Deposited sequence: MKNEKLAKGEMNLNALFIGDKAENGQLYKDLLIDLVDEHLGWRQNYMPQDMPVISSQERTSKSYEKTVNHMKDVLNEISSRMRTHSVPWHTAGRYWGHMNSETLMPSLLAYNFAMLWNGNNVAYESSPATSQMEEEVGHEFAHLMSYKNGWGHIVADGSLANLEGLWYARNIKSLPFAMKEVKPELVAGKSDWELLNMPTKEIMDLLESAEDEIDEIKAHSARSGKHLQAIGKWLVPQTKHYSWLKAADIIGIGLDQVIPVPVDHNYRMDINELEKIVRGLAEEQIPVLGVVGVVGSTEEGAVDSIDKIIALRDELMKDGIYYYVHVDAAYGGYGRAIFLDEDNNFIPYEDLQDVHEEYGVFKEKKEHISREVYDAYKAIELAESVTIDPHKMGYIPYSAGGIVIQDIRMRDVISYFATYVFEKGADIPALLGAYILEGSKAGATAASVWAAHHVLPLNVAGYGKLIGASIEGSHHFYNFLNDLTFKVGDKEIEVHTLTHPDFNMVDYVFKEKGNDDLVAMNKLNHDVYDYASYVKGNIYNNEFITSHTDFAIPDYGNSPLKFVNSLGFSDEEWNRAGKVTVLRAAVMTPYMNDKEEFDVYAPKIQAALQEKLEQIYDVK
């Protein structure tokens, strides 16, 4: 369709499209009301005219207005103003896509339940297509997916898959050992996911019994091996281990580098070491877009290592924690769904308006990481993160649709609840996601353009912060960026030129955070808002040491402070990719930071 205008797909930083939203919103409500009325048009309304003007009705409507006025007062006092175009530089939140908002309220009037096709065929059919759209977003050939309440639960479902997968070889030896005849025991704990899947689908009349002897029964949960995750992982991963049965003790942190990506050398050291101890690797977790720094694990290097390890008989499951960055992969896909060759990226992105100044914006490392996702077994992807779809809407994609038989209980599921971890599920959530995917195709013609704006906006912010120097009363405060962003997240810290006190810097940034958040003051009057996170040795190691030293801090300070406090901005506003529009908000960020620093002294 040539090239769509992202500015028509948001209510707006200043409600510029408020009328458009209301008109479409009310049109949709009207179509629903009309649908209600003409189901059984012969039925007369149960609520009479006299009822609707009676006093009982009025006092109830007034009580309802009272409640909504209190809800409105509370929302309008404390909610976060991240709809702003260039003043909110923090958490993974901006506006959400108007078509999703519209479709959600529309779908909610029907209130269909997607756990069961009978309850809502249309939103049920819609969720199946969303699953296939997740798969093609991941270049899965014959893959699948479904909407999940959120990323954490999708991650848990990742472990549910992996845990059950590693247990299936042992369970084949117990029910139909012919499938795994002549296989060692350690060979069974290192079968590639596909061999396990080909074997299970081979034993049609025995699938039920093999699954009955699987990790579903409760047996062999420590036998199935260690779960490896980046040391900077999201706590949902701990929670996932805990809940799924392998437990916290079967979770091994793989160290990260100075770019805060899984050190593939130490990943190799850990996997090979465990293999010498005959300890199986349940799976490895690669994060494409880490929570605290927006880093992209080299997924290619992770899957190539699995390829170089299978010669030594070592196979690990790979699940990609793309809760945040999953939708980003649409920037690499052309309208035929082919991964754009890297050398053609800057051209295609210019052709499609994905990026508006033609330079390199995406590493080939980050590029390569995203392509390799198609080889992982499963992916967590949050529509309510970089899908710009409203909470609550997470996702999971599986490389092979058959894999869902490892988890099923008893093509379009008649009871999708039998193929997923959770239960009841809003068909409105599926309509909300389907609407976004069908207004914005999951490639450069749609989401690519929105992801590109995110990244470009993050890049202008990186170049603004670099060199940002403020003069705060004899003191000169200087801004330093953490690493060049692998995605759209820009971490940064403020430091006094001279102060070699790292706990004093951490207290400086903890003070700018306080003045740039709900802590100090009214959020509705905050001229600049950000988030903050702590890099502590227990979880980050000395991964920040190169950075702490770049700033002039000693290895002793680093150990004395034991952590570094950094401000993060997951730059999700779509309005800042235009240099000129960013230039409007640059002086308003420096000015807001100037009094926030001046306030931290005096």
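Against the full deposited sequence, the model leaves out several stretches, namely 1-7, 418-426, 619-620.
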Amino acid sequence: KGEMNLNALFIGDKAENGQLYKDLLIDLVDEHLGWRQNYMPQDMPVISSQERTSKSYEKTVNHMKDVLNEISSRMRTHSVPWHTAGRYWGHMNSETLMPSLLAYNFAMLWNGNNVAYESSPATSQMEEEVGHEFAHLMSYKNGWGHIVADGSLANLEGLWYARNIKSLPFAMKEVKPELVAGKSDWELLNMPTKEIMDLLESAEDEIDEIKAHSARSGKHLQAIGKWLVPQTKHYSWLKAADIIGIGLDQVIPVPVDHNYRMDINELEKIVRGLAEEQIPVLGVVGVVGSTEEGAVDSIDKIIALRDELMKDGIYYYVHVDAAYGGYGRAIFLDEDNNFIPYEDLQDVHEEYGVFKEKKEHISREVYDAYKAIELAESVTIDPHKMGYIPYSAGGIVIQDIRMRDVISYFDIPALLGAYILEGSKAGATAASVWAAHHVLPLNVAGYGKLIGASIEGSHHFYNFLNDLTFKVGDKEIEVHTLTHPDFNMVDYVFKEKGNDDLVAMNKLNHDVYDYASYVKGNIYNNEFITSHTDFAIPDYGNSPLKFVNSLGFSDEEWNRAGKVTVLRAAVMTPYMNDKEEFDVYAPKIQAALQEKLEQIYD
From here on, numbers count along this sequence of modelled residues.
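Across the other PDB entries of this protein whose models span the neighbouring residues, residue 133 is modelled without exception, so it is unmodelled in far fewer than a third. Omission of residue 411 is seen in a third or more of the other entries compared for this protein where the adjacent residues are built. Mean C-alpha B-factor is higher over 181-189 than over the other stretch, the pair under comparison being 120-128 and 181-189. Per-stretch averaging of Cα B factors for 358-366 and 389-397 places 358-366 on top. Across 144, 88, 494, 324, the greatest Cα temperature factor reported in the deposited entry is at 494.
Which of 133, 293, 312, 335 has the largest Cα B-factor in the deposited entry comes down to 312. Residue 297: CA B factor lies in the middle third for its chain, per the PDB record. When the CA B factors of the chain's modelled residues are split into thirds, the value for residue 151 lands in the lowest one.
Annotation for residue 234: C-alpha temperature factor in the middle third relative to the rest of the modelled chain, per the entry.
Residue 157: CA B factor in the lowest third of modelled residues in this chain (values from the PDB entry). Ranked by Cα temperature factor within the chain, residue 96 sits in the lowest third according to the deposited record.
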